[PDB]
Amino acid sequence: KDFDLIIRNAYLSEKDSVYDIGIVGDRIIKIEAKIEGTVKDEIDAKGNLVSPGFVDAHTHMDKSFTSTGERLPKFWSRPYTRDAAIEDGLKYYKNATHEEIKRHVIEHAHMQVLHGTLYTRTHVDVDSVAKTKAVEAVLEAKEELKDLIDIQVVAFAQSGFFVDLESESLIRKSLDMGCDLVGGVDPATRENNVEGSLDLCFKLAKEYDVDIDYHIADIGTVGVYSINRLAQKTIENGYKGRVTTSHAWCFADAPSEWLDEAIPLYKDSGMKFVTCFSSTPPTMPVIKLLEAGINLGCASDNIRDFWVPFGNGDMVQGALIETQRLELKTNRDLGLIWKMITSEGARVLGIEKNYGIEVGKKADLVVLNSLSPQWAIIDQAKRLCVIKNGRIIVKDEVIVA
């Protein structure tokens, strides 16, 4: 048969028209208004949007769903602070077993693929209590999940390199076990040492030739200062394009001139950013960042744990959440958010060359029940079909892999 799979009547946003999509193995082979030829399996999109797989650029699969199990969410009789949530992890990771972490990771993944997410980058706690236990469970589950979702794994020193002094050796080990990236947390208010926390991160990154994804959630000028130091060291170390800053809440409350002055530094350093829809500050200058050409992806962050009680692993729900946080309504703006959950996330992850609905690219696709990006955000219809490596893995809200 000429194609292994054809998608019929697929509206493609980037072309603003309806096409048949022909697939062989794990690749898109043909995109034509009508495809002639024999074919093994077919899906009719019926004039609706077909999209590349959504990118969830920042998750914590390892400690997800730990809030579940009772009538009320566990942990949430008290308000969120970073330091208190760090203490809850340490206590949780004391008795947590390999298999239950694994189970949580797989559950998290299944929930994501059900919503059309086919690429994620997760961080995993590495500290003196979790040790490499959580890393091992994640890497193992990642192996089992490879026909459903691509996972990048950040060795994440959640307690601080200069607070928990066992962090440096545990991370080295985690990187040797095969984690893809390295990152720490809040150089200023967590580490109390900006130059040293950052220099150490770059040293470890260069030793194992891995990219970097840093949690910088500190607000105000202290946050912008921290990100500036990071971007400057990015250049000094020859790591242009290899560094991501997660959160960057500080862009919301720091004076706007601080960001205006830093933008050229961010472009020069190839600095990439991820805003999580469970925390994007309402005054975050998201539109402004994108119009200035900054690479800004989007993400669930934590899901149903002791940091964040929320989460459905659904980036289309997350897109709606961002329109509301940021008070957007125009079709153009809703389109920029759609880019955030797709092609911007691809760039953050480094996979842009194989990403998109174009001849030659990976047959990783989502058939939606809505007419357009805008309409999908608005109506929140469930996914009709999910396709990974040219194979149907989701149909009718069931994982059929």
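The first residue of the shown sequence is 1; numbering continues from there.
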| query | finding |
| --- | --- |
| Selected stretch [higher average CA B-factor]: 376-384 or 15-23 | 15-23 |
| Mean C-alpha temperature factor, higher of 130-138 and 272-280 | 130-138 |
| Of the residues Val348, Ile341, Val367, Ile29, the one carrying the largest Cα B-factor as recorded | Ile29 |
| Selection from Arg121, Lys288, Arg103, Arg304 [criterion: highest C-alpha temperature factor in the record] | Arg103 |
| Position of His115 among the chain's modelled residues by C-alpha B-factor, lowest, middle or highest third | lowest |
| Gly196 by Cα B-factor - lowest, middle or highest third of the modelled chain | middle |
| Assigned third (lowest, middle, highest) for the C-alpha B factor of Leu165 | highest |
| Within-chain third of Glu70 by Cα B-factor, per the entry | highest |
| B-factor third for the C-alpha atom of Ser64 within its chain | lowest |
